[PDB]
Amino acid sequence: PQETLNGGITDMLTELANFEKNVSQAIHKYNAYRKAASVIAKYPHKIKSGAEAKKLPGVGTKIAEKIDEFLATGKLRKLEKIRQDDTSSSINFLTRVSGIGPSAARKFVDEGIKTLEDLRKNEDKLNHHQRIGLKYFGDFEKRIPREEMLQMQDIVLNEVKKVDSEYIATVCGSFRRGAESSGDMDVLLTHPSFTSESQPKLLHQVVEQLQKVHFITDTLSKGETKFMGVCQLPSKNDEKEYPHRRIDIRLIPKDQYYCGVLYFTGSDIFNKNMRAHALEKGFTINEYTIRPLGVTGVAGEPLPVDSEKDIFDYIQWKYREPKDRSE
DNA sequence: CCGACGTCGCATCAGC
DNA sequence: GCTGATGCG
DNA sequence: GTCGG
Ligand code: NA
Ligand code: NA
């Protein structure tokens with residue numbers, strides 16, 4: 001619908017969510033508030049009362065009472081109190097640094113480290129990831145327009161093919177689904193020589209090549225199947241430099257690749273629905289495999305999958321393009 | 001009432 | 001040194 | 001916090 005409709009409510013809930021996650025360390029309270037904000041963000045009416053909102057799935061008595069207070073007064077007392085409280089605001093703010101989660105942010109604030117300037121003054125208290133998150137603080141909160149994501153895809157597919165024309169690489173996420181912008185880049189990689197019953201630097205070689213051409217600029221973490229790092233499109237010799245961007249690269253067994261591509265293409269709602277329909281047809285899908293279910297509920301051996309459509313055929317569903325996987 | 005709520009690879013730390 | 005827990009994305 | 005066994 002429209003922000004003007006329930007943006008005040010959805011903004012209030014998202015702020016309460018962040019405080020649960022970052023200050024309370026109550027991840028489930030956080031996900032509850034976020035779910036409430038999302039169902040409400042999709043409701044195509046300006047909500048008039050908590051009782052109206054409570055009909056919606058994920059809004060309960062508490063959030064109904066909060067909505068009543070917000071509508072009548074324009075604010076939530078408890079959010080106003082958290083907002084001004086120096087400890088809570090600082091903890092919440094510091095978690096915006098990649099690699100600083102609620103635990104580190106609490107420790108920093110417990111010793112007087114509250115601001116980016118405080119972090120910048122205390123480099124030796126930061127691990128390598130947190131230093132990189134600090135270095136690119138502003139860049140990492142920017143969205144990536146699709147035209148840039150295309151240019152980034154072009155570099156990644158070219159360099160991957162240059163290492164070995166046998167690699168398969170798929171940029172997934174909302175971008176795959178036609179998203180006009182993105183938050184990071186999620187690259188899924190496989191090779192025929194890598195199966196579930198068969199890593200030989202096949203991830204390292206792609207990362208190295210991407211580093212050798214100066215696309216990947218920093219490494220947050222890297223092992224034999226998952227890389228998290230920083231990348232940046234090349235400038236134009238005389239043009240504002242592009243911002244640095246977060247990029248993940250996953251190496252997946254070939255026999256699990258299209259289940260991985262399906263899963264990490266999403267959306268989250270679409271995945272829940274396809275998983276649900278799959279159970280009601282006798283199958284279980286996870287990020288790795290589709291397996292048939294016995295009459296007693298015992299999952300059998302994973303079934304051969306060589307394309308996304310294969311999965312749809314198993315469950316007797318017509319192939320849905322990434323565009324049409326919003327839900 | 002009261003437990004579930006998504007999963008996991010990797011970096012780092014606790015403990016031995 | 002090694003194994004397991006915890007934090008984090 | 002919300003849901004549901
Ligand atoms: Na409800
Ligand atoms: Na963070």
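Throughout, a chain's letter reflects where its sequence line sits, starting with A, and its residues are numbered from 1. What you see below is based on every heavy atom in this structure, not just the backbone, and it leaves out hydrogens, waters and symmetry mates.
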Give the nucleotide from the list [options] with an atom nearest to the side chain of [X].
{"X": "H129(A)", "options": "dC8(C), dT12(B), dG9(C)", "result": "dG9(C)"}
{"X": "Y263(A)", "options": "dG6(B), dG9(B), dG1(D)", "result": "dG6(B)"}
{"X": "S221(A)", "options": "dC8(C), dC8(B), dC10(B)", "result": "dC10(B)"}
{"X": "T225(A)", "options": "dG9(B), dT2(D), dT12(B)", "result": "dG9(B)"}
{"X": "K35(A)", "options": "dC3(D), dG9(B), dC5(B)", "result": "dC3(D)"}
{"X": "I63(A)", "options": "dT2(D), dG7(C), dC10(B)", "result": "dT2(D)"}
{"X": "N127(A)", "options": "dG1(D), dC8(B), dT12(B)", "result": "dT12(B)"}

Please report, rounded to the nearest Å, how far the [atom2] atom of [N] is from the [atom1] atom of [X].
{"X": "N31(A)", "N": "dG9(C)", "atom1": "CG", "atom2": "P", "answer": "14 Å"}
{"X": "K55(A)", "N": "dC3(D)", "atom1": "NZ", "atom2": "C1'", "answer": "18 Å"}
{"X": "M228(A)", "N": "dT12(B)", "atom1": "CE", "atom2": "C1'", "answer": "14 Å"}
{"X": "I27(A)", "N": "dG7(C)", "atom1": "CD1", "atom2": "P", "answer": "13 Å"}
{"X": "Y30(A)", "N": "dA4(B)", "atom1": "OH", "atom2": "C1'", "answer": "18 Å"}

Ion pair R77(A)/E80(A), N-O distance below 4.0 Å: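 No.
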Test: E308(A) and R176(A) ion pair at under 4.0 Å: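 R176(A) and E308(A): salt-bridged.
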Flag side-chain contact, heavy atom, 4.5 Å: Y167(A) against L202(A):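 The answer is yes; the side chains approach within 4.5 Å.
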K212(A), NZ: over 12 other non-hydrogen atoms inside 6.0 angstrom: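 For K212(A), atom NZ is not crowded (no more than 12 foreign heavy atoms under 6.0 Å).
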Pi-cation contact, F264(A) with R250(A) (under 6.0 Å, within 45°):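 Output yes; distance and angle both within limits.
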What contact category does [X] fall into here, base, sugar-phosphate, or nothing, at under 4.0 angstrom with non-hydrogen atoms?
{"X": "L251(A)", "value": "nothing"}
{"X": "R246(A)", "value": "sugar-phosphate"}
{"X": "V97(A)", "value": "sugar-phosphate"}
{"X": "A104(A)", "value": "sugar-phosphate"}
{"X": "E224(A)", "value": "sugar-phosphate"}

OP1 or OP2 of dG1(D) under 4.0 Å from side-chain N/O of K62(A):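 It does, given that an N or O in the side chain of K62(A) lies less than 4.0 Å from OP1 or OP2 of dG1(D).
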